[PDB]
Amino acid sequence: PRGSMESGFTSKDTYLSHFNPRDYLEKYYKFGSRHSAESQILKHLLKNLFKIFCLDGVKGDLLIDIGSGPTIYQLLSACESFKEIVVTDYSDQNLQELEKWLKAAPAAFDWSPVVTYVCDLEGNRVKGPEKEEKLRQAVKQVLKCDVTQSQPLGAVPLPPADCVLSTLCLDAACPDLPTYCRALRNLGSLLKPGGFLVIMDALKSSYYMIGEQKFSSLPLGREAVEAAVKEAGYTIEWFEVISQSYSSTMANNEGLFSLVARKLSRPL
């Protein structure tokens, strides 16, 4: 026939070549209103992260952020609770954009309003400059991750981490449910026994947009997520769903979830 074959490309190929860090930041993290859907969701995620790392007992020596993207908002409360942080993504472009903020390059994104907000949550025991530096000192490594591989960070020499965080990544990274489950088990290989898994992601979202550019997403409901996490050797401590969805022009999600789980797996 003609054009009757699979191109052979995968989601991660399309992601690596098409995903634009600076656009994603323009569209998802610059707000013309503070009551916009995107702004509301960001604030919610920040409050949960504050609760987990500051109020709940989630702290330690090493945190690994899986699928950081080009953002640092998901690390601002974490750097109070973790000596060292490792940031990762499948896109080197995302990591370059992130590194610009780490090195405080002038072209870096302006996170200062998000910083202010987190300083408020924490009760203004520091101002933004001091907090920003604490994060800059905390981040030690900038690495490729591939959650589909049994060794997501390669054969790199990393000690077992106290926490693996992943915000708005796993849905986009996994083309089917078996992959999702395997990925969660693969992330386990980075963790100490009894270590924390922290996940926030969209529910029932099959796509996300950056301008005219469309990306695939695995549309999971809460039951699928819970089942997959359990089956991958974690015990869920809590699981929150919010109804607040993204604008239809960005995603077709029916809310987001947040969970904190612990690795039961103790490979001898």
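Each form is matched to the other, and the largest set of C-alpha atoms that superpose within 1.5 Å is called the rigid core. The first residue of the sequence shown is number 1, and the count goes up from there.
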Fit on the core, then compare CA atoms: does 11 to 19 or 245 to 253 lie farther from this form in 5 other deposited structures of this protein?
11 to 19
Between 59 to 67 and 210 to 218, larger RMS Cα displacement in 5 other deposited structures of this protein after core fit
210 to 218
Does at least a third of the other compared PDB entries (those resolving both flanking residues) leave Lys43 without coordinates?
no
Please confirm whether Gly233, modelled here, goes without coordinates in at least one third of the other compared entries that cover both its neighbours.
no
Looking at the entry, does 73 to 81 or 122 to 130 show the higher mean C-alpha B-factor?
122 to 130
Between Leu55, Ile66, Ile199, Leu49, which carries the biggest CA temperature factor in the record?
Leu55
Which third of the chain holds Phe31 when residues are ordered by C-alpha B factor: lowest, middle or highest?
highest
Which third, lowest, middle or highest, does the CA B-factor of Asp92 fall in along this chain?
lowest
State the tercile, meaning the lowest, middle or highest third, of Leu153 with respect to the CA B-factors recorded for its chain.
middle
Going by the CA temperature factor in the PDB record, which third of the chain does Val86 belong to: lowest, middle or highest?
lowest
Ranked C-alpha temperature factor of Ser258 among modelled chain residues, by third:
lowest
